[PDB]
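Residue numbers (my numbering), protein chains in the order written: chain W, 37 to 128; chain Z, 37 to 128; chain B, 37 to 128; chain E, 37 to 128; chain F, 37 to 128; chain C, 37 to 128.
Number of protein chains: 6
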Amino acid sequence: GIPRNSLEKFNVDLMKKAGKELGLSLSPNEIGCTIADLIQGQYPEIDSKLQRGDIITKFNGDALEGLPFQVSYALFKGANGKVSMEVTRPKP
Amino acid sequence: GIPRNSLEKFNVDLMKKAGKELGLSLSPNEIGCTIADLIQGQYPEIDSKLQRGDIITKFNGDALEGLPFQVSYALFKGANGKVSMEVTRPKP
Amino acid sequence: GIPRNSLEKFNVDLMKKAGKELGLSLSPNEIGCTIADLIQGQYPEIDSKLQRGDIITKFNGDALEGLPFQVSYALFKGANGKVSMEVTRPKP
Amino acid sequence: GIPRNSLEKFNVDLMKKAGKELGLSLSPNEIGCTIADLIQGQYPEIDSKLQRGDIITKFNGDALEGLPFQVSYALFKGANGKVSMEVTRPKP
Amino acid sequence: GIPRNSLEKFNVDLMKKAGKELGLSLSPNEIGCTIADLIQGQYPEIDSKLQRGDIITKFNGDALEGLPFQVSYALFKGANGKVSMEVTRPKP
Amino acid sequence: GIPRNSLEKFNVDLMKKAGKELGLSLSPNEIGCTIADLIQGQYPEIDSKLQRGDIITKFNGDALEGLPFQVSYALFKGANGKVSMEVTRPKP
C-alpha cells in the first residue's frame, strides 16, 4: 500500500504537581491515545499546545503505538514528576 | 509491558420503549464503542451518567472488546426492551 | 458472533482547488477515519453532509478499512482534483 | 494502498463424530483462523481439502474476519455435528 | 457475538541456560505468541509440554494479549534465567 | 510497557520465473507475513535463507506492518519478476 508517511510530532512537557488530573480524556487507537476532552488545562504546555482530537503517541519515552489501552491508561495514571509527551495533529 | 490495569466500569440500564434512537453516536476501538454524541438523552441513565468520550464496553451481556464494529453496531440496533450497558470513563 | 450488518454509506464528492485544507481532523479506527473536527467546510458536500463523529470508509476508491493511519493520512494529504469519499454515520 | 485482492475461497464440509477431534491447531488472525497444524487421518474431507497454512474464514455461516479468538474458538468448539467452512489457501 | 469462551491454560516452567536457545519460532497474534515451530531436544519441559501451534499467553508474569510483538519478543529475549509461561492449546 | 526491541532484518532477493511458485504459505500478523509453510526446492535463495516461522516484513519496497492481508497478498501475487524482501527470524 505504497503511500506512507510521518505524522509530524510536537512535544508537550509538564510538571506533575500532585492534586491535578491532567484533564485529558482519552480514546485508544493503533497509533496512540486520542484526546477526547481537555478541560482548560493547567499546564502552559497543554493549554497552548493540545486540542480535542490530537493523538498522544509517546508518553515518558514509551511509544504508545499498538499498546493495549489497559497499559497506556496505567502509564498516564502513574505520571509523577516531569511528564513528557509526543503528539500529532491528524489534519491532512 | 508490565503496567496494566482495570478501567473502572459503571452501569447504564434503560428501557427501550420503541420510537427512540438511543441518541448515541458511536466510534469503534479495541475495548468497546466510544460515544461521539449524546443528544440530551431520553433515559435518566444516559442523561445523568454518560458523556462524549465514554466507552461502552459491554452491551446486554456481550463484551464489546475486540468485536468488529459491524457486530457491535448490530447489537445496539437490535436493542429492544431492558438494555444494560457497562461503561468506562477514560480519564487517567 | 452472529449479528453483523452493513453500515449504510453515503457519498461526499468535492473539487480539491488548491489552497484549502479539507478542514477534516481525523481519528483512525478499524473501519476508516473518524472525523474529529469539521471547521465549517468549504464544499457544499462537506458542509451539508458531514459531522463530527462520521467515519470516512473509502477515499478516492481505496477502502480505508484496516489501513495503517500512516497510509490513510498520506492518501488524504495527496488529494488533488476530484475527491470522492464514502462515509457512514454510526448512530445505531 | 492501492492493490487489494478478494481471496479465493473453497468449501470444506464434514460431519463431526464423538471421540474424533477435528485435529486442527488454530492461530487467529484478522481474516480468520490459520491451520497452524493438523493431524492427518481424522476426516476424509480434511485430508483431501485442507493443508497446514490454510486459513478458515467462515465457520457454520459466521464470518471469522475480525472476531476475537475467544469467539471463533467457541464456534468451533460448539459444533457437535455438521461443519461447513469457507477456506482460503494463502500461497501467492 | 454471543459465544465467547475462556481458554484453558497450562504452565510451562524452565531454567534457561547459556548457549541453549529455547528453540521456539514465534508468530504474534491478539492473544499471545503462537509457536510457529520448535526444535525438540532443547529443554525437557518444552519437549514434554509444548507443541507446534500452542499459544503462549503470559510470560514471566506479563500478559501477552494485545502487546506489540516488539514488546513480547523483548520479554522473551530478556529472560536469562527463570522462565514461567502460561499457554493454551488451540485445538477445538 | 517498557521493553521494546527493534527486530533484526535480513534480505532475500530472487527472480521469479513463470511456472515456479514461491512455495510460501503466508499467515498475516501485525508486523508482516509469517511463513506458515514452505516447499523446499523452488528457489535457491529461499532454500538458503528462509525457514518456517520467519516473518516477511517488507516486500518490494512496501512495509507490511499493519497492512490488511488482502493488500499484502496482492503485493506478493503481483510480482512477476524481481522480488526483494526484508525478513526477521522470530526466535528469542
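Don't be surprised by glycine CBs; every beta carbon is placed ideally from N, CA and C.
Going by alpha carbons, who is nearest to residue i out of the options?
i                      : options                      : result
F:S61                  : F:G55, F:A54, F:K53, F:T70   : F:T70
residue 137 of chain E : E:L111, E:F105, E:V123       : With chain E covering only 37 through 128, there is no way to say anything about residue 137 of chain E.
E:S120                 : E:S63, E:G77, E:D98, E:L103  : E:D98
W:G37                  : C:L103, C:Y79, C:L58, C:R40  : C:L103
B:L111                 : W:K127, W:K56, W:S108        : W:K127
B:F95                  : B:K56, B:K53, B:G117         : B:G117
Z:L58                  : Z:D73, Z:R125, Z:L100, Z:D90 : Z:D73
F:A115                 : F:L43, F:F46, F:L50          : F:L50
F:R88                  : F:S63, F:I67, F:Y109         : F:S63
C:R125                 : C:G68, C:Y109, C:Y79, C:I75  : C:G68
B:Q76                  : B:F105, B:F46, B:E66, B:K56  : B:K56
B:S108                 : B:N65, B:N47, B:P39, B:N41   : B:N65
residue 158 of chain E : E:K45, E:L43, E:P39, E:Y79   : One cannot answer for residue 158 of chain E here, as it falls past the ends of chain E, which runs 37 to 128.
F:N47                  : F:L86, F:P39, F:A54, F:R40   : F:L86
C:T93                  : C:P39, C:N41, C:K45          : C:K45
Z:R40                  : F:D90, F:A54, F:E101, F:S42  : F:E101
So is residue i in contact with chain W if we call contact Cβ pairs under 9 Å?
i                     : result
E:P64                 : no
B:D73                 : yes
residue 35 of chain Z : Here chain Z has residues from 37 to 128 only, and residue 35 of chain Z is not among them.
So which residues of chain C does residue i contact, with C-beta pairs closer than 9 Å?
i      : result
B:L103 : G102, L103, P104, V107
Closest Cβ-Cβ distance between residue i and chain F: below 9 Å?
i                     : result
residue 18 of chain Z : Past the boundaries of the shown model lies residue 18 of chain Z; chain Z is included only from 37 to 128, so the question cannot be answered.
E:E57                 : yes
According to DSSP, simplified to helix, strand and coil, what is residue i?
i      : result
W:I71  : strand
F:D49  : strand
C:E44  : coil
B:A54  : coil
C:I92  : strand
Z:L100 : coil
B:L111 : helix
F:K118 : strand
Z:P80  : helix
Can a CB atom of chain E be found closer than 9 Å to the CB of residue i?
i     : result
F:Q87 : yes
Chain B partners of residue i, CB-CB under 9 Å?
i      : result
W:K45  : None at all; the shortest Cβ gap to chain B is about 13 Å.
Z:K113 : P39, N41, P128
Using a C-beta to C-beta distance shorter than 7 Å, which residues of chain Z count as neighbours of residue i?
i     : result
B:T70 : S63
B:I67 : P64, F105
Name, please, each residue of chain E whose Cβ falls closer than 7 Å to the Cβ of residue i.
i     : result
B:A99 : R40
Anything in chain W within Cβ reach of residue i, meaning under 8 Å, just list it in chain order.
i     : result
B:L60 : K127, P128
Whose Cβ in chain C lies nearer than 7 Å to the Cβ of residue i?
i      : result
F:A110 : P39, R40, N41
Does residue i come within less than 9 Å of chain Z when only Cβ atoms are used?
i     : result
B:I92 : no
Could you check whether the Cβ of residue i sits closer than 8 Å to any heavy atom belonging to the ligand ZN?
i      : result
W:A115 : The ligand content of the structure shown is nil, which means the ligand ZN is not present either.
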